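Enquirer: First to last, the protein sequences are chains A and D.
To convert, note that position 195 of the first sequence is 195 in the deposited numbering; the numbers rise steadily by one, no gaps.
To convert, note that position 322 of the second sequence is 322 in the deposited numbering; the numbers rise steadily by one, no gaps.
2 protein chains.
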Amino acid sequence: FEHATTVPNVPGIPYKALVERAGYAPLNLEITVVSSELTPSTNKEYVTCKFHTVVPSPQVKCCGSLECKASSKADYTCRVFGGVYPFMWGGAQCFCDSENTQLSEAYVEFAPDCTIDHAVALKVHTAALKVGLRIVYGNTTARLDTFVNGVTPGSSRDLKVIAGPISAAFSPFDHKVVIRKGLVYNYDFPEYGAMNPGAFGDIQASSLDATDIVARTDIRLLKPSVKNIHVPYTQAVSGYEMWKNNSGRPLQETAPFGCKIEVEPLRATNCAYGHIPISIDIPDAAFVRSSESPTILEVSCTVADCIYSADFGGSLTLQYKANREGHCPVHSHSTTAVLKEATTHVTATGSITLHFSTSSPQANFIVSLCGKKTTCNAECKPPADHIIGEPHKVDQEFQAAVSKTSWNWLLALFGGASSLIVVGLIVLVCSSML
Amino acid sequence: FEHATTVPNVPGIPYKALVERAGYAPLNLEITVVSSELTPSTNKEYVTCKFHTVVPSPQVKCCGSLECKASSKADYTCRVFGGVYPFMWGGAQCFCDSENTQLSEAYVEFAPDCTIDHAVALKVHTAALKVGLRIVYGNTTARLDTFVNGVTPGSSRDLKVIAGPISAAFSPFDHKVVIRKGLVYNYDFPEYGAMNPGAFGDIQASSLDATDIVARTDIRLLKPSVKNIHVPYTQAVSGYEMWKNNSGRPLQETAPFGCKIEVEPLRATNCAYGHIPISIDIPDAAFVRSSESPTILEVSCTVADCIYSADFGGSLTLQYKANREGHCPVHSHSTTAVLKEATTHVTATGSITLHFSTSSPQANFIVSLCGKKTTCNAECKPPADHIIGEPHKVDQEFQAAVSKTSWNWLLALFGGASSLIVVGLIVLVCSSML
Ligand SMILES: *[C@@H]1O[C@H](CO)[C@@H](O)[C@H](O)[C@H]1NC(C)=O
Ligand SMILES: *[C@@H]1O[C@H](CO)[C@@H](O)[C@H](O)[C@H]1NC(C)=O
Ligand SMILES: *[C@@H]1O[C@H](CO)[C@@H](O)[C@H](O)[C@H]1NC(C)=O
Ligand SMILES: *[C@@H]1O[C@H](CO)[C@@H](O)[C@H](O)[C@H]1NC(C)=O
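Set out below in structure tokens:
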């Protein structure tokens, strides 16, 4: 037998269902989303960190003018100064006091402590959720991990589970993200080659140890104003440091739908943003014949102090009478109230209490003790507590959320208005035929 | 100096331009696309090959029965055979001739030659184009590589050029591709875990050496008929070899805009499909003063035997009245005709010749001989050769594709009909005032 149903993406919060077969007994169906993960397909655009702005020794030639050729090093800024008189310790460094040439060289490199402190720029594509499911059908508890794609038959034991395509995906990661020390940022980093100075991506490379290092940080070499040797240079502030100053908050503190963000690999776990269409191929071994199932005669609901809340507020007792011994499932067919229990060992002519939760002010739903569908009615008071530490077990649907007294009052006013309108029109009609 | 232009994406057939400042004279601009490549972002979604379907030794236990536990091996299928009596060399194997048990196991595994004969199933996303550009200005020729995103400063030794966003990338690779032995295919392979027997992807892994191999080939174990110790099994045929049977043609042979597909990395080179906006910053070291540039006083043009074709057919001769020896550029200011040469040596009051190609029967265009403009008129013939081995240097527009003689006849008829209608209406006007 194949049962196709729809489960909310909330972690925990067990989902009830009834499996009714024409040739077998109804079966309790439990579906719990124990965990989920939204893993995007990512690629490494580049990696960046603080630079080193290492400066080589100046090249001095005296009565001779020399030029410097191009180099493949990042930020290869090279300047030529004439008329310099270099002077280290001991004495003047050379001769030709009026005619010299000092060559000053500058090029950036990754800082030595960039193996730890480095930001990797990733491009994020579409993400496919992988859901961890637990099914407690017919005293058989199967734990499985399956992909939400609609084509993958991934399940354990003889059970088979296909999770259909998700109702809607929101992609918490933007198309460009930045990962640093386990922190994820939705930052629009510049592309490879596109390199603003003094901001993020000022120095780039394909890998940390890659020799193809590129940068466009503004290095300006200046003429030495003191009669010594050195390379005076003005440089833009490190854009990695400026980004770390103004990084904002990581995605772990701003992800919608309560997504908990991890890296290696990048993923969003324990999200809740929609409904999974799931098809389950239940084995025939767990199914029990209707002849062996106790066919129950008559039941009735009597509710005791129901409170509509996120908690299991409300305990109703069922008055039943059954032909023989044996257990049978319980289920609430309405999508408004949920029942805590799933199987009771009913015996004969007694009463069993069950705790239930609901959201609507009025509790009209269907209890299916041994499959005996019975409509149950109750009046529930608003909860006294304001904030609760556990999530709601059912979503409002805005048709039963209107209370019975309010429903009756609205239909009373519209019925009275329509009645006076119709009697006005029929007075017009009978005056017209006169 | 920022010059904005829009060059064709076609490799070869170089693009001519004239850059003219207010006061630093005209200068040539020779923009050549020597190479291009589309390198899309891909991720390994699985790898597949033939399976070995290694069958382990049977486990025969007697005077009893045993069951086998499920394993994590790829496509594990195990069965229990009752009432066997094996005969390998030496006679019967054990006691309870009527009560025996044979345990048969079967699982698949990559073939020993899967290191080469393997198909990598990849998901492909949007691609970024990268151009090799040969830019000639003055006497300087520079070769330089630029990404096509409008943001990346592709630079020569001294040049700053930006390749703007492409008109419309066509993406020859679909969302799913398969790479085998250097041949790529646009194949809609099943996802991870979505195995089916007798089709591509029936065995899957993240790598050739990955232990987590999963497969769902239709394998079944059968009861042995002859009383020996073999394991009779029957399995569905390998969908890898079935896919190689009818893979169709690779993308190297079936690709729009006819461009060469390579692997490692997966790229599409020399794809002529559009127009690249180019904003180039010409250095001022080549912008000569207008006074030093030898200007001309009187310019006249003629043309002999214009043949419109992809080849540079047509010789156009200019009579000039220059005042100084030197050289200065030439350019055609029509999108319909393009000149062969860029700069011409000019002495004084002489005659020069140029070659050009056009796609219109009429050649009504503008030659800018060394600063100023001069119009030229012609009537070009269709070429004798039906097929030429080189692409066209210009496109076709509806205004130029109609010949001057045909333009005359068509407007002669249209204007005759229109003026005939207007003269009918004015005869109506003079009759109505009567
Ligand atoms: C299912 O579980 C209940 C509670 O443990 C047990 O008493 C009952 O016999 C079980 N039903 C079957 C059919 O095994
Ligand atoms: C950024 O740096 C400035 C100093 O320039 C400092 O005052 C400030 O706290 C830093 N952080 C933010 C978020 O502005
Ligand atoms: C370019 O070269 C020509 C001849 O090749 C020479 O006469 C001239 O000096 C050069 N002009 C410029 C502007 O570089
Ligand atoms: C497929 O393999 C069969 C052999 O069974 C062969 O006859 C046939 O030509 C192959 N190709 C196609 C397209 O069927």
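By construction, the Cβ of each residue, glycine as well, lies at the ideal position given by its N, Cα and C atoms.
1) DSSP three-state call for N139 (chain A): helix, strand or coil?
2) Tell whether a beta-carbon distance below 8 Å holds between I388 (chain D) and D311 (chain D).
3) Would you kindly check if the distance between the Cβ of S290 (chain A) and the Cβ of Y24 (chain A) is under 8 Å?
4) Could you list which residues in chain A have their beta carbon closer than 8 Å to that of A194 (chain D), in chain order?
5) Based on the DSSP secondary-structure assignment, which residues constitute the bridge partners of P277 (chain A)?
6) Straight-line CA distance for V19 (chain A) to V161 (chain A)?
7) So is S35 (chain A) in contact with chain D if we call contact Cβ pairs under 8 Å?
8) Can you look up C259 (chain A) in the DSSP assignment and give me helix, strand or coil?
9) To the nearest angstrom, how far is the alpha carbon of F1 (chain D) from that of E264 (chain A)?
10) Is it true that the CB of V124 (chain A) sits closer than 8 Å to the CB of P40 (chain A)?
11) Using a Cβ-Cβ cutoff of 7 Å, what residues of the stretch 26 to 57 of chain D are near chain A? List them in chain order.
12) Using the beta-carbon of each residue, which ones in chain D are nearer than 9 Å to residue 435 (chain A)?
13) Just checking my contact of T42 (chain A) with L144 (chain A) at CB under 8 Å: how many whole Å lie between their CB atoms?
14) Please state the DSSP three-state secondary structure of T48 (chain A).
15) What distance in whole Å lies between the Cβ atoms of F110 (chain D) and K130 (chain D), which are believed to be in contact at a cut-off of 8 Å?
16) What residue from A:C63, A:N408 and A:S57 has the CA that sits closest to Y85 (chain A)'s CA?
17) Taking residue 445 (chain A) as the query, report the chain D residues whose CB atoms sit under 7 Å from its CB, ordered along the chain.
18) Between the C-alpha atoms of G416 (chain A) and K16 (chain A), what's the straight-line distance to the nearest angstrom?
19) Does the beta-carbon of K73 (chain D) have 16 or more other beta-carbons within 10 angstroms, so that it is buried, or is it exposed?
20) Determine the extent of the alpha helix (DSSP H) in which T405 (chain A) is found, giving its start and end residues.
21) Would you decide whether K373 (chain D) is buried or exposed? Buried here means 16 or more other CB atoms lie within 10 Å of its CB.
22) For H125 (chain A), go through chain D and note every residue whose CB falls closer than 7 Å to its CB, in chain order.
23) Would you list the one or two residues that DSSP bridges to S35 (chain D)?
24) Go through its chain and collect everything with a Cβ distance to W409 (chain D)'s Cβ below 6 Å, but skip five positions before and after it.
25) Within the same chain, show all residues whose beta-carbon is closer than 8 Å to that of residue 514 (chain D), passing over the 5 residues directly before and after it, in chain order.
26) Only counting the same chain, and skipping five residues up and downstream in sequence, which positions put a Cβ closer than 6 Å to that of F287 (chain A)?
27) Using three-state DSSP, classify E264 (chain D) as helix, strand or coil.
28) If you measure from the CB of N246 (chain A), is any heavy atom of ligand 2 nearer than 7 Å?
29) To the nearest angstrom, report how far apart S171 (chain D) and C271 (chain D) are at their CA atoms.
30) Does the Cβ of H331 (chain A) have 16 or more other Cβ atoms within 10 Å, making it buried, or fewer, making it exposed?
31) From the DSSP output, in three-state form, read off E241 (chain D) for me.
32) Tell me which residue opens and which closes the beta strand (DSSP E) that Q59 (chain A) is part of.
33) Whole angstroms is fine: what's the gap from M195 (chain A)'s alpha carbon to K176 (chain A)'s?
34) How would you write the range of the alpha helix (DSSP H) that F398 (chain D) sits in, first residue to last?
35) Answer yes or no: the CB of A119 (chain D) versus the heavy atoms of ligand 3, is any distance below 7 Å?
Expert: Let's see:
1) helix
2) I388 (chain D) is a Cβ neighbour of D311 (chain D), given a cutoff of 8 Å.
3) yes
4) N149, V151, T152 and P153, listed in chain order.
5) Residue pairing from DSSP places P277 (chain A) in a beta bridge opposite A:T6.
6) Each residue's alpha carbon lies about 15 Å from the other.
7) No - not a single Cβ of chain D is within 8 Å of the one on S35 (chain A).
8) coil
9) 47 Å
10) yes
11) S41 and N43
12) Residue coverage of chain A in this structure runs from 1 to 434, which leaves residue 435 (chain A) outside it and unanswerable.
13) At roughly 26 Å, the Cβ-Cβ gap does not stay under 8 Å, so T42 (chain A) and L144 (chain A) are not in contact.
14) strand
15) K130 (chain D) to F110 (chain D), Cβ: 36 Å. No contact.
16) A:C63
17) An answer regarding residue 445 (chain A) cannot be provided, because it is not within the stretch 1 to 434 covered by chain A.
18) For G416 (chain A) and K16 (chain A), the distance between alpha carbons rounds to 42 Å.
19) buried
20) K404 to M433
21) Its Cβ having fewer than 16 others within 10 Å, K373 (chain D) is exposed.
22) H125
23) D:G132
24) none
25) Not covered by the structure: residue 514 (chain D). The range shown for chain D is 1 to 434.
26) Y24
27) coil
28) True, at least one ligand heavy atom lies under 7 Å from that Cβ.
29) 10 Å
30) buried
31) Helix, per DSSP.
32) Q59 to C62
33) Distance between the alpha carbons of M195 (chain A) and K176 (chain A): 16 Å.
34) Counting along the chain, the alpha helix (DSSP H) containing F398 (chain D) begins and ends at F398 to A401.
35) no
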